[PDB]
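Enquirer:
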Amino acid sequence: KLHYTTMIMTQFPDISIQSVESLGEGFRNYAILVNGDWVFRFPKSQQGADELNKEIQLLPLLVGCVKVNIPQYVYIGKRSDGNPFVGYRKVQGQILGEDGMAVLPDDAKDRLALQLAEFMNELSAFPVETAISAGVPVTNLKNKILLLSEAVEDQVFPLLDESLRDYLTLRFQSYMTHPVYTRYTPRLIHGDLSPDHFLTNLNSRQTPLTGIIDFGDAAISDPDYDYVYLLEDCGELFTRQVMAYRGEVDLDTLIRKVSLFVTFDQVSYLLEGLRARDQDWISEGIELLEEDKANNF
Ligand SMILES: NC[C@H]1O[C@H](O[C@H]2[C@H](O)[C@@H](O[C@H]3O[C@H](CO)[C@@H](O)[C@H](N)[C@H]3O)[C@H](N)C[C@@H]2N)[C@H](O)[C@@H](O)[C@@H]1O
Ligand SMILES: Nc1nc2c(ncn2[C@@H]2O[C@H](COP(=O)(O)OP(=O)(O)O)[C@@H](O)[C@H]2O)c(=O)[nH]1
Ligand SMILES: [Cl-]
Ligand SMILES: [Cl-]
Ligand SMILES: [Mg+2]
Ligand SMILES: [Mg+2]
């Protein structure tokens with residue numbers, strides 16, 4: 005508390021702090037709300053610092069290209085050399101969350117699907133070279149999944165029933181051996197496009213999506229990756245609606261491709277629990293892998 009407030013007030017003489025409250029946190033950042041108005045967002049690691057340095061350069065170039073609100077860093081602070089933090093006016097609205105889309109009526113879901121399709125479209129139109137110049141990495145997704153499959157063999161396979169191992173090997177091979185999945189034209193992607201990052205004003209019937217946050221995973225990569233959490237967290241029906249508005253073709257094949265990404269996400273989630281040495285997380289991740297197999301076959 006006093007730790008974050010002292011850094012803020014030392015570095016920003018125009019901020020007089022009357023209230024401070026925790027707002028949210030993810031794997032890479034801790035966010036607090038100052039005076040009900042300002043989000044101060046603090047990286048949790050050097051990797052978080054790298055991602056924030058990317059966002060500092062990228063987001064100002066994106067503001068004028070998207071039709072939702074995104075964070076605009078007004079305050080740029082430093083913890084010490086190479087350790088930035090930022091402050092931005094809260095992106096307004098209600099975070100939708102996972103449990104949000106499940107309850108929404110048809111007209112609202114239709115409008116949200118249209119707005120998300122448009123947002124993805126805008127990212128796919130953004131000049132890749134400008135993004136790279138802003139520190140956005142070029143992530144060859146085929147090579148990333150190859151490295152993942154090696155890690156799984158080493159760290160994950162020992163924990164599994166051989167039948168679940170057989171399933172995972174099948175999923176990795178189904179992705180890796182099909183050019184229909186592995187070849188793509190790279191684009192700027194958000195990289196973590198899950199509904200915990202969707203800000204809404206459901207009072208607006210026709211334009212319920214108002215904001216998107218957390219661009220820390222932004223990459224030049226496969227645009228189909230930005231469907232992964234739509235499928236995992238919003239469901240196949242909604243995901244297919246977004247795909248239709250975007251003019252995707254052969255949705256059965258595309259859904260299969262994204263479902264492979266979902267499998268790999270479940271592996272990744274377990275690997276994070278193994279890295280953290282969290283037995284509850286490990287057990288949860290093993291269960292999610294079993295559910296992935298049961299849901300697909
Ligand atoms: N909370 C419970 C859920 O947690 C995971 O899903 C969440 C991901 O963890 C998030 O992403 C983060 O973790 C990823 C690796 O897993 C990273 O690549 C990414 N950069 C991180 O921001 C993503 N934004 C939302 C998604 N619902 C499990 O998969 C899911 O089964 C489980 O129900
Ligand atoms: N309502 C609201 N919540 C925010 C805002 N910025 C961050 N948050 C919350 O803080 C959490 C952590 O921020 P995020 O950038 O996603 O951190 P990361 O996932 O660790 O990279 C988010 O998931 C939100 O819950 C904002 O502008 N408005
Ligand atoms: Cl992956
Ligand atoms: Cl398969
Ligand atoms: Mg986040
Ligand atoms: Mg992030």
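Numbering-wise, the authors' numbering puts 186 at position 182 of the sequence shown, and it's gapless, one number per residue. For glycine and all other residues, C-beta sits at the position ideal for the given N, C-alpha and C.
So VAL95 and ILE12 are in contact, right, with Cβ under 8 Å, and what is the actual spacing, rounded?
Expert: So it is not a contact: roughly 19 Å between Cβ atoms.
Enquirer: Counting only the same chain and skipping the five closest in sequence on each side, list residues whose C-beta sits under 6 Å from that of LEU145.
Expert: Cβ within range, chain order: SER225, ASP226.
Enquirer: Do you know whose CA, among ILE99, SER167, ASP230, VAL184, lies nearest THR214's CA?
Expert: Comparing Cα-Cα distances from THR214 to each of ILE99, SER167, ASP230, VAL184, the minimum goes to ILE99.
Enquirer: Find the nearest neighbour of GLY86 within the set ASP54, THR189, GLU133, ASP165, judged by alpha-carbon distance.
Expert: Cα-wise, what sits closest to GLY86 is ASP54.
Enquirer: Would you say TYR92 and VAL43 are within 8 Å of each other, going by their C-beta atoms?
Expert: Contact flag set, yes.
Enquirer: Look at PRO47 and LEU63 and say whether their C-beta atoms are less than 8 Å apart.
Expert: Not closer than 8 Å, so no.
Enquirer: CB of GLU240 to nearest heavy atom of ligand 1: below 7 Å?
Expert: No, Cβ of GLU240 sits at least 7 Å from all heavy atoms of ligand 1.
Enquirer: For the 8 Å Cβ check, are there 3 or more pairs between the stretch 232 to 239 and the stretch 184 to 203?
Expert: As far as the Cβ criterion goes, the stretch 232 to 239 touches the stretch 184 to 203, which means the pair count is three or higher.
Enquirer: Under 8 Å between the Cβ atoms of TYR273 and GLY289?
Expert: Result yes, Cβ atoms of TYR273 and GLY289 sit closer than 8 Å.
Enquirer: Here's the rule: buried if 16 or more other CB atoms are within 10 angstroms of the residue's CB, otherwise exposed. What is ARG32?
Expert: The residue in question, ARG32, is buried, as its Cβ has 16 or more Cβ neighbours within 10 Å.
Enquirer: Can you give me the Cβ contacts of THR143 inside the same chain, cut-off strictly under 8 Å, excluding the 5 residues immediately before and after it?
Expert: Contacts found: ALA223, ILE224, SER225.
Enquirer: Going by C-alpha distance, which of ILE149, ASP165, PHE202, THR173 is nearest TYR185?
Expert: Looking at the Cα atoms, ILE149 is the closest of the given residues.
Enquirer: What residues in its chain sit with their C-beta under 6 Å from that of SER153, if we drop five residues either side in the sequence?
Expert: Answer for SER153: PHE176, listed in chain order.
Enquirer: Go through its chain and collect everything with a Cβ distance to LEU292's Cβ below 6 Å, but skip five positions before and after it.
Expert: These residues qualify, in order along the chain: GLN270.
Enquirer: Where do the N-terminal and C-terminal ends of the beta strand (DSSP E) with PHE46 fall, by residue?
Expert: Its beta strand (DSSP E) spans residues 42 to 47.
Enquirer: Using the three-state DSSP reduction, which class does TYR249 fall into: helix, strand or coil?
Expert: Helix.
Enquirer: For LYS5, I'd like the list of residues in its chain whose CB is within less than 8 Å of its CB, leaving aside the five on either flank, ordered along the chain.
Expert: If we look at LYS5 and ignore the five residues flanking it on each side, its Cβ neighbours are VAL24.
Enquirer: Answer yes if the stretch 126 to 139 comes into contact with the stretch 161 to 178, meaning at least three C-beta pairs across the two stretches below 8 Å, and no otherwise.
Expert: Contact fails: fewer than three Cβ-Cβ distances are below 8 Å.
Enquirer: Tell me which residues share the same chain as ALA106 and place their Cβ nearer than 8 Å to its Cβ, disregarding the 5 neighbours each side in the sequence.
Expert: Counting only Cβ-Cβ distances below 8 Å, and skipping sequence neighbours, we find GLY239.
Enquirer: Any idea which residues DSSP pairs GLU25 with across the strands?
Expert: Beta-bridge pairing links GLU25 to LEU37.
Enquirer: Can you tell me which residues fall inside 5 Å of ligand 5, judged by beta-carbon distance to its nearest heavy atom, and keep chain order?
Expert: Result (chain order): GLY30, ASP218.
Enquirer: Rounded to a whole number of angstroms, what is the C-alpha to C-alpha distance between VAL38 and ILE19?
Expert: Distance between the alpha carbons of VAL38 and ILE19: 9 Å.
Enquirer: Using DSSP with H/G/I as helix, E/B as strand and the rest coil, what is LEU292?
Expert: Helix, per DSSP.
Enquirer: Looking at the unbroken beta strand (DSSP E) that takes in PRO88, where does it start and where does it end?
Expert: Residues 87 to 93.
Enquirer: Just checking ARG169 against ligand 4 - is the residue's beta carbon closer than 7 Å to any of the ligand's heavy atoms?
Expert: Because no heavy atom of ligand 4 lies under 7 Å away, the Cβ of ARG169 does not count as near it: no.
Enquirer: Between which residues of its own chain and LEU56 is the CB-CB distance below 6 Å, once the five residues before and five after are set aside?
Expert: Excluding sequence neighbours, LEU56 sits near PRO47, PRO88.
Enquirer: With respect to 7 Å, is the separation between the Cβ of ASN33 and the closest non-hydrogen atom of ligand 2 below this value?
Expert: Yes, ligand 2 has a heavy atom inside 7 Å of this Cβ.
Enquirer: Contact between the stretch 113 to 124 and the stretch 66 to 83: three or more CB pairs below 8 Å?
Expert: At 8 Å Cβ cutoff, the stretches touch.
Enquirer: Grab the span of the alpha helix (DSSP H) containing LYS146 for me, first residue to last.
Expert: Element bounds for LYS146: 145 to 159.
Enquirer: With DSSP as the reference, identify every bridge partner of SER84, one or two as the case may be.
Expert: Its beta-bridge partners are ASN87.
Enquirer: By how many angstroms is the C-alpha of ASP110 removed from the C-alpha of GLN50?
Expert: Whole-angstrom Cα-Cα distance: 42 Å.
Enquirer: Whose C-beta lies closer than 8 Å to the C-beta of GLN210 among residues of the same chain, with five residues either side of it excluded?
Expert: Result list for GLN210: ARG115, in chain order.
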